Amino acid sequence: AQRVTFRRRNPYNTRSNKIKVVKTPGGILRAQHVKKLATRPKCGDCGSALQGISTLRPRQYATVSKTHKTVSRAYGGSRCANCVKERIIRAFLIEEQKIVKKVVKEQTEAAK
Amino acid sequence: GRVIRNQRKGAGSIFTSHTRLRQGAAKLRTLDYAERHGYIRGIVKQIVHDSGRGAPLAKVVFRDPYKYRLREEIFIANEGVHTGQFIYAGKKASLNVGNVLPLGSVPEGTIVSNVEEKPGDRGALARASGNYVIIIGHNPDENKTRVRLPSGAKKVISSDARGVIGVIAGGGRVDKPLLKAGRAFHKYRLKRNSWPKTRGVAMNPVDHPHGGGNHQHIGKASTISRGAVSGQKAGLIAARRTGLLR
Amino acid sequence: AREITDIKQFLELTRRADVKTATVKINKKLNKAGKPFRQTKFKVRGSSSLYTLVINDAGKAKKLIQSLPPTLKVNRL
Amino acid sequence: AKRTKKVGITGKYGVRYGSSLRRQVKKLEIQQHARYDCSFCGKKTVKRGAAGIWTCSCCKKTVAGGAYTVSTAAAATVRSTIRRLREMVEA
Amino acid sequence: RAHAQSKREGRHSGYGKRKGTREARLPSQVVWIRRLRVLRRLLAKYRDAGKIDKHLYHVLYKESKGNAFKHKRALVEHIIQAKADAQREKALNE
Amino acid sequence: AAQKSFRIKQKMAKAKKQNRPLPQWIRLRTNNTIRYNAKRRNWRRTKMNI
RNA sequence: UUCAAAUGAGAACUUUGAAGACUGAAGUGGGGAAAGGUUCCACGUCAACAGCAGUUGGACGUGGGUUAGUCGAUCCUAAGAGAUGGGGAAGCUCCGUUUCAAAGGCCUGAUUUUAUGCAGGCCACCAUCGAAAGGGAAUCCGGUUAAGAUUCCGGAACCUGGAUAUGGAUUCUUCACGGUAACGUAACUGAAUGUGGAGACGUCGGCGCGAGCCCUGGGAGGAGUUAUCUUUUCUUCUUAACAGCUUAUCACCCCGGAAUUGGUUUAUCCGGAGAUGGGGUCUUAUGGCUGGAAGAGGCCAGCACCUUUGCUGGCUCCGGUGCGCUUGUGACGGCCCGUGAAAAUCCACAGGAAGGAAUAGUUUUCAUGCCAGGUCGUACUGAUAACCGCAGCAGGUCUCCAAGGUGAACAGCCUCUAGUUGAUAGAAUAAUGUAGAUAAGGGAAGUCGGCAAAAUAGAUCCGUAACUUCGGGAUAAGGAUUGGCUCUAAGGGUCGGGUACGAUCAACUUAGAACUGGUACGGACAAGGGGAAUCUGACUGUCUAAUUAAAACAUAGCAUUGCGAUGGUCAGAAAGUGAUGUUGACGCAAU
RNA sequence: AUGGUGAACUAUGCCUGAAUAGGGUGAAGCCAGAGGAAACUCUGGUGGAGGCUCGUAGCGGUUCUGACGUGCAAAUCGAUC
């Protein structure tokens, strides 16, 4: 049957102003302001949240070791590893067929 | 008297456009060397919804010729484009939906949209959804082209004016009854303050030329001279005929 | 606000030269279900942190207290 | 259990708006909420997100199209007319 | 505590003691959810236990999403009767 | 207004220090015309308008 | 409201106790925003003020009181405002905001005459202002005052800017290894440049999981009742930021390869584009144990005693439950001619500029250690007397927390925690009033007119017409039951079976039957009157604030009209000028 | 007539925030059964749409032509809506 207030001068229920209700050691309920949740980083290609990265707020990554912010593939903390699997396939087989095109332009000289 | 409601839109205070959610100005690419001597390829990254407009937009990402980077631009999306499509742009490009060519490079009877009035204005004509112009003929000397504007007017433009192949997406839009005053409210909040419209009949002799009288009626002809003057003009303006068609 | 597990690692921080003071807390608890025992904690104060070692077997806890360095000024209980 | 007889999807509008208008909307809103085959992935995932934009949830292709339906009427005869003029010059 | 201990035996429950509608009191959705989560989850233990095979499971699973099933006991008399339909027809063909 | 600007708070403090009556020894002075403090302000009577 | 006591010269009104009540947690409580400005607090005093009184006071005289690296501002941008360059204007000044502009300072190489010349390359975003509710670096518990605290005290953390030292790691394969893979880890080089993520976003609906609250059983204490009954009724058993370790939906990898198609959600979506199945990776909101941290806080008992007061022991434990309530969150679904901010800021990746191992050379994104963290705000009310209404005015004014019962319910009524008991009083009970009730018989005969009052009312079962745009009309109209007690029935769970049954735990739901009574039972509260037509506007919606809420305005729908930009409609005094227009006929403008 | 001051009230658009018990009706979409040659129709579920509906807080201001009308109030109070 206890009731509790804001601990700050913002009376209003806005997005930053959230409250959690905490039982202190001194027996009383008291409100606790909570910070907005962290979003997982996204693949810049497929958009699916790319696993292995720690989910923090933006400036809380400046405080963290580099193993949290990365994986050990090429394009580690950036693309989702199935978007890296493709662009290796696509880089090899496009510049594969692209060699076959440049011999035909030598043959089309001597064939005509 | 008073200053009437259509005279009151010029000073543009609460009548300006509601611009917040708009992705940008949809234009074609600046006319450069690579496009007028050859073609340059982008790909369409995502085709997306623009607020206040009726037709979707596409974002195609080109490669800057003279500096290392990407540049992405806003095209009004023709119907049939899809993300992952190569979009070719230039004089030597090919005739396929979404490729922007000069108009001199396409045969007569070709359906293009977002065509330019003059070369390098980055698009004018037929930008609304479902519209297109047809190319009905050429004039290879003193170069021009004969095209049919979506209204049915026949205009003659330069042959260096680009245009993008196909019909603009968002066709069929006005087929659907709007059904309630709410859905017309959500339409014009993203456009401008035009709505709702009080009939000038229903207001006072100050508010309008149609106002006053112990009955609701106009009292003089509702067709006004083109040579009318500021604020006299309300009603059907300089009409050649009037009344239901037969 | 940290905890140490190995006894040896605790013997290091006591010499780490940032540690001016320590303390020994005695807590009487019980284990398993039935019977009690005497539990002690050693709290060494760093500059930026407070380390503690928990000794639940009193056969070890006495050999440790004598082993504390003489410079470290200990507040017992 | 078919429930309603005539009105179908427009039963949400109740008795209001008049029978024609409610029947003329029932024409389109069965098109815009319908589920279409996907010309790329080979499944039918395609649904409308907004006027003009049609999104596959399988192959993640987005496809521009008609407002209330995938392929507009006057469009399918543009990509044939464009297919014909292309071959005209290359044949 | 005595007023609530009287209800636990059913007292003060009658029609003159009811004010809100039979849904407001106990919504009919929550009852269906309970019915089905109980049915839907009893099939999953039989399939795992080998006393029903995934061909008959997949049949009963979709009957339960319609009804033909009054409660947990009717389904268990149903399986036993349905399962016994697999024995006879096989045995008769043998 | 419970969270303030310094130029306002500096003007509250000037009005707090004019808020007292005459000191008595002023009346005793030769040729004194002054009787009482005629500019006394009160938070129940006149609001100072910032 | 009342009694008594205390103060005083004086008490319906001040203070304490004793009663009696009330607001009832959508408060008459506990806090803030705008606004006020000292109203806060202490002592004195009672001329005036408090529309009676006054020893009391938001009054009067004198004083004291607001403590920050973490809370705000400060910073960023929004919608807009506004210099500069230019351009008008007799001029006050106007346009415009990157514009017809020679609009600027960086990264280090070249220097070991000395510091920065000369060097290549760059990057073209080119003022500023604009939010105490948006974005955002970081603080918690306990104690403390007459009045201040996330600021003071004690303890436990954290962030940022800067300096360098130690340990580890790496290096002879100069710039690490492991796992098939998802990826792992204490570390584990990286310039110009480029790209990607975060910041960063609508709403509704049910479903899941959490936190506080609610309910509640065993046990350890304290209080209230006891004429009788009651293993009884009430109350205390509490656990912060932070740190380390393990944990889960969704996502993913490997193996294998599916018809007898299987999996599967409350909600039918998924699979040869590789499903079920077997085994793994991952995020860590959240929960779990350990450190904080019992030494704190609380509740009990025992001793001393003008003081100051301490001292002294003990216990501070183990559990259950849910369509419960409040808020957070996750995965799904619905809706749109509506798809629901920007930026600073921070990070990763691509690239390879350079710089450096062998007699020894780095790395401050691993550990530990070291130094500094400024300026203004901080009191109190936030309203039936601190704001605005000439005032101590029944008006007006944005917001958070929210206990038990009854019940569908955040309705009404009643209570627990906290808060008041303030509004001039006393005696009498005329008329007429104002507010609230009741009436024999009749049942609008009253009146411009059923105005006003009454009747109806909740739920369960039975039953429902013309007409209709087939959606409705429909709670149509109308009928029957309802308390109490004692029973019967149906609905769930956890659990062991060699490769049919038993047991235990725990719910508010429905239906049925006997008995029962002054026929009473939605017992107070709460709670539609219904039907046959006519004129009129389709509907929802809006308007004369303070005599009109309408049949008027609006609307969808219908139709007409101008307009292809060198343009349509409009603005400006002018203009190197502006709105539609971040526009293009499925558009804009005028009806 | 000239030169100045006002959107703290109110009017309307924008930007960025916040606010809203409990019930009734039960649309698409979906599941099982029944009929039949078919197109499909009929029953039982499931779901939870609407400028739907009853009704609190909220916003209004219909009737009493109530109270008040040198008022509490230069627009308020009660019941009704």
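Residues numbered from 1 in each chain as written, not as in the entry; some residues may be left out. Chains lettered and ligands numbered in written order. Part of a larger assembly, values for the part shown. Heavy atoms only, no water. Residues with missing side-chain atoms left out of burial classes, pairs and counts.

The record names cryo-EM as the way this model was obtained, at a resolution of 3.07 Å.

So, about the overall build of chain A. Counting its regular elements, chain A contains one helix and two strands. Each helix and strand of chain A, ordered N terminal to C terminal, gives the series β-β-α. Its C-alpha atoms give chain A a radius of gyration of 27 Å, clearly above 13 Å, the size a compact globule of 112 residues would have. Projected onto its principal axes, the C-alpha coordinates of chain A cover approximately 95 × 30 × 25 Å. Within chain A, residue pairs in contact and separated by at least 24 positions form 26% of the contacts whose partners lie at least 6 positions apart. (Helix = DSSP H or I, 4+ residues; strand = E, 2+ residues; numbered from the N terminus. Rg over C-alpha atoms; globule rule 2.2 N^0.38 Å. Contact = heavy atoms within 4.5 Å.)

Contacts are most numerous between chains B and D, taken over all two pairs of chains that touch. There is a gap between chain B and chain F: no contact, and a shortest C-alpha distance of 34 Å. The two partners chain E and chain F share no contact, and the minimum distance between any of their C-alpha atoms is 48 Å.

The subject of this paragraph is the packing of aromatic side chains. Enumeration according to the criterion identifies nine aromatic pairs over all chains in this entry. Among the aromatic side chains, those forming a connected cluster through ring pairs are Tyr39(B), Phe86(B) and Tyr88(B). Stacked on the ring of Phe40(D), the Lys or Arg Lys61(D) has its end atom at 3.6 Å from the ring centre. The ring of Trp43(F) carries the charged tip of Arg44(F) above its face, separated from the ring centre by 5.0 Å. (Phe/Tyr/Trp six-rings, centres within 6.5 Å; stacked < 30°, edge-to-face > 60°. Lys NZ or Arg CZ within 6 Å of the ring centre and 35° of its normal.)

Let's shift gears to the sheet that holds strand β3 (residues 62-64) of chain D. Residues and elements named next belong to chain D. Pairing in this open sheet of three strands is antiparallel, and the strands run β1-β2-β3 from one edge to the other. For this open sheet the edge positions go to β1 (47-50) and β3, each flanked by a neighbour on one side alone. Averaged over all pairs of adjacent strands, the angle between strand axes in this sheet comes to 35°, irrespective of strand direction. Relative to strand β2 (residues 53-55), β1 is paired through three bridges, and the arrangement is antiparallel. Directly across from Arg48, in β2, lies its bridge partner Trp54. (Pairing = 2+ DSSP bridges. Axes fitted to C-alpha atoms, helices over the stretch in contact; angles between N-to-C directions.)

Glancing now at the protein's contact with RNA strand H. Near RNA strand H, the surroundings consist of 31 residues, among which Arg20(B), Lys180(B), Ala1(D), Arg3(D) and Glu23(E) are the closest. If you look at RNA strand H and keep only atoms within 4 Å of the protein, 72% of those are sugar or phosphate atoms. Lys12(D) is positioned such that a nitrogen or oxygen atom in its backbone is 3.3 Å from a sugar or linking oxygen of RNA strand H. Taking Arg16(D), its side chain carries an N or O atom lying 3.1 Å from a phosphate oxygen of RNA strand H. For the surface near RNA strand H, the secondary-structure elements that each account for two or more residues are α2 (22-25), α3 (28-48) and α4 (54-65) of chain E. Its residues placed into classes, the surface near RNA strand H shows eight nonpolar, twelve polar and eleven charged. (Near = heavy atom within 4 Å. Polar contact = N/O pair within 3.5 Å; in protein donor to acceptor, adjacent residues only side chain to side chain. Nonpolar A, V, L, I, M, F, W, Y, C, P; charged D, E, K, R; others polar.)

Surrounding RNA strand G, one finds 234 residues, the nearest of these being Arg18(E), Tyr61(E), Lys65(E), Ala1(F) and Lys16(F). Within the contact set of RNA strand G, a phosphate oxygen lies 3.3 Å away from a side-chain nitrogen or oxygen of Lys66(A). Between RNA strand G and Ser51(B) there is a distance of 3.3 Å, counted from a phosphate oxygen to a side-chain nitrogen or oxygen. Split by residue class, the surface near RNA strand G holds 76 nonpolar, 75 polar and 83 charged.

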